[PDB]
Amino acid sequence: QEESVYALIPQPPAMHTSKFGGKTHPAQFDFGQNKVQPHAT
Amino acid sequence: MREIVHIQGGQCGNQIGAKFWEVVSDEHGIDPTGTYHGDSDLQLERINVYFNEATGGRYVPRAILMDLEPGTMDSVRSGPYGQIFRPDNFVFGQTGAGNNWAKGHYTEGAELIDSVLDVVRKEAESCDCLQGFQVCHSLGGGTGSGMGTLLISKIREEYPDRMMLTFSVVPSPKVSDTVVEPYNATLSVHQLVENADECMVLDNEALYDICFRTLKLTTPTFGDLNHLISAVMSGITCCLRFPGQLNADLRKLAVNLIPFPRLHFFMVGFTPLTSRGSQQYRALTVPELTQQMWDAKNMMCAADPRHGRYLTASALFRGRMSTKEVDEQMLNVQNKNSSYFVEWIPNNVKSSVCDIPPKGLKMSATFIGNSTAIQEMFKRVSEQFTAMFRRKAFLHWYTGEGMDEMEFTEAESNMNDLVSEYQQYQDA
Ligand SMILES: Nc1nc2c(ncn2[C@@H]2O[C@H](COP(=O)(O)OP(=O)(O)O)[C@@H](O)[C@H]2O)c(=O)[nH]1
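Quick note, the sequences are listed as chains A and K, same order.
When the letters of the first sequence are read in order and numbered with the deposited numbering, they come out as residues 2 to 13, 20 to 48.
Under the deposited numbering, the residue at position 358 of the second sequence is numbered 358, and the numbers go up by one with no gaps.
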């Protein structure tokens, strides 16, 4: 309504990976055993 | 800690395995009921190396009895100390073995390995920290020599880091308890050259004379020879089970004994050994024990020290004694008869000691020596093997079990490569 025929038609990332990151291995942990074997038990 | 596990495979194994557990059960003051009836707290301190606490305060062994034709097991199931075993730790097959290495290693063996391995692991985890295995053999037979090594080839691959001892009974030099003793020997020895950390060799011949000459026994029953074998097998773990002013664990005994990974064929003895009469004549001092232990009679194997050169040696004394005496004694021996010992080793003995003697004695000893005269047995047997294999006598029995002839020559060459190892290091 405002005589704006120019305004009539409008014409116009990887997350990251931490350094600490790592899978827990059965070492550096005093709660459990300290080996990994195929079919021991 | 330092838990062991004991295997008894064969007729010999199942029988000397009886006397063995008969001795240890007394040594720790436990009755065949399985209850403890000793006096000291010292008995219960390291009992967990051989037993397993149960409900109501019982102690049952951690042995594994494996044998075809459970007949000989029905005996030990009925002996005085037959109530202590877990009935589950009994592995038996309804078929005979035939004093044949093949079927004990290929056909009948392969049908029970599923059970035996499922048995050994039930207790290889009951140990907080497993020390190593321990077996008993009969190299002439088929059960002890076929299933024995077959189980070992399995043991070595799931537990290579740990140690496995072997009190194998070897064939006799003059008499032959079996007509197919050679084939069962080499085919087993070839298995023992690759899959064994330590291997004593005991012969039924030397056990007789020691029971005849030294012990003056009139009728030596096999129950008496195994009161000897039991004596030495108990004499190895005295550092494990009991304190000592110089302890010596099982591992530090091999490291200190075998210079090369193949020369693990030892020679044992036990002292003191006197008749009922001579007990009142000879004193019990450290110079006495070392005089009889170094002798060429107490060698339970039929190999003469005065023919080869001692690579190393050992001694496990038991009793409140003077650790100066043992050291100067074992030094004098190397000093006087200084040709029986190699020269590229300055001092080639170890000397343990323990505060605790046997239950009835005050001072005892135990000997282990790795000589180069052991090559003689493998020479006497490698001749009998190649004698009859050259004409193929009794071979249709072995080949009938899917065996071949390469599995023979491999066994022989691997033995002849071992007899040379014991010759280079014999510089006369
Ligand atoms: N110290 C001792 N050795 C035995 C005894 N019985 C058999 N042996 C040896 O066992 C050897 C035969 O092997 P054996 O175990 O009986 O038959 P296998 O089941 O086929 O292995 C023979 O050389 C016997 O001398 C025993 O009661 N005491």
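Yeah, the Cβ is synthetic: ideal placement off N, Cα and C, and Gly gets one too.
Measuring only between beta-carbons, confirm whether residue i sits less than 9 Å from chain K.
{"i": "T48/A", "result": "yes"}
Check the C-beta distance from residue i over to residue j and give it rounded, since I have them as a contact under 8 Å.
{"i": "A206/K", "j": "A302/K", "result": "5 Å"}
{"i": "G10/K", "j": "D67/K", "result": "6 Å"}
{"i": "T290/K", "j": "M330/K", "result": "7 Å"}
{"i": "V353/K", "j": "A185/K", "result": "That pair is no contact at about 36 Å."}
{"i": "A365/K", "j": "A313/K", "result": "Their Cβ separation, rounded to whole angstroms, is 12 Å, which puts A365/K and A313/K out of contact at 8 Å."}
{"i": "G132/K", "j": "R162/K", "result": "4 Å"}
{"i": "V201/K", "j": "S168/K", "result": "6 Å"}
{"i": "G82/K", "j": "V60/K", "result": "Their Cβ separation, rounded to whole angstroms, is 12 Å, which puts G82/K and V60/K out of contact at 8 Å."}
Using a Cβ-Cβ cut-off of 9 Å, state whether residue i counts as contacting chain A.
{"i": "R251/K", "result": "no"}
{"i": "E69/K", "result": "no"}
{"i": "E125/K", "result": "yes"}
{"i": "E3/K", "result": "no"}
{"i": "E158/K", "result": "yes"}
{"i": "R282/K", "result": "no"}
{"i": "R121/K", "result": "yes"}
Just verifying my parser: in three-state terms, what is the DSSP assignment at residue i?
{"i": "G277/K", "result": "coil"}
{"i": "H6/K", "result": "strand"}
{"i": "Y422/K", "result": "helix"}
{"i": "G369/K", "result": "strand"}
{"i": "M321/K", "result": "coil"}
{"i": "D203/K", "result": "strand"}
{"i": "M415/K", "result": "helix"}
{"i": "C301/K", "result": "coil"}
{"i": "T166/K", "result": "strand"}
{"i": "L117/K", "result": "helix"}
{"i": "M1/K", "result": "coil"}
{"i": "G132/K", "result": "strand"}
{"i": "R58/K", "result": "strand"}
{"i": "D74/K", "result": "helix"}
{"i": "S40/K", "result": "coil"}
{"i": "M66/K", "result": "strand"}
{"i": "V179/K", "result": "coil"}
Report the residue from the options whose alpha carbon sits nearest the alpha carbon of residue i.
{"i": "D41/K", "options": "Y50/K, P32/K, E343/K and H28/K", "result": "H28/K"}
{"i": "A411/K", "options": "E194/K, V5/K, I345/K and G141/K", "result": "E194/K"}
{"i": "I374/K", "options": "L263/K, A283/K and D197/K", "result": "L263/K"}
{"i": "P358/K", "options": "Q43/K, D31/K and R58/K", "result": "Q43/K"}
{"i": "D88/K", "options": "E3/K, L65/K, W344/K and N347/K", "result": "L65/K"}
{"i": "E383/K", "options": "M363/K, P182/K and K103/K", "result": "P182/K"}
{"i": "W294/K", "options": "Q279/K, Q280/K, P272/K and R282/K", "result": "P272/K"}
{"i": "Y398/K", "options": "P32/K, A97/K, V116/K and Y59/K", "result": "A97/K"}
{"i": "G369/K", "options": "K379/K, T386/K, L257/K and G360/K", "result": "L257/K"}
{"i": "residue 19/A", "options": "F51/K, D209/K, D39/K and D128/K", "result": "For residue 19/A, nothing is modelled; it lies in the interval where chain A passes from 13 to 20 with no residues in between."}
Using the C-alpha atoms, what's the distance from residue j back to residue i?
{"i": "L225/K", "j": "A18/K", "result": "12 Å"}
{"i": "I229/K", "j": "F20/K", "result": "8 Å"}
{"i": "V119/K", "j": "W101/K", "result": "23 Å"}
{"i": "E401/K", "j": "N99/K", "result": "13 Å"}
{"i": "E157/K", "j": "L284/K", "result": "45 Å"}
{"i": "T143/K", "j": "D26/K", "result": "29 Å"}
{"i": "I152/K", "j": "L165/K", "result": "11 Å"}
{"i": "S126/K", "j": "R62/K", "result": "10 Å"}
{"i": "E22/K", "j": "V349/K", "result": "31 Å"}
{"i": "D209/K", "j": "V326/K", "result": "28 Å"}
{"i": "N335/K", "j": "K103/K", "result": "51 Å"}
{"i": "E198/K", "j": "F260/K", "result": "12 Å"}
{"i": "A428/K", "j": "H307/K", "result": "9 Å"}
Cβ of residue i versus every heavy atom of ligand 3: is any distance shorter than 8 Å?
{"i": "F222/K", "result": "Among the ligands in the structure shown, ligand 3 does not appear; only ligand 1 can be found there."}
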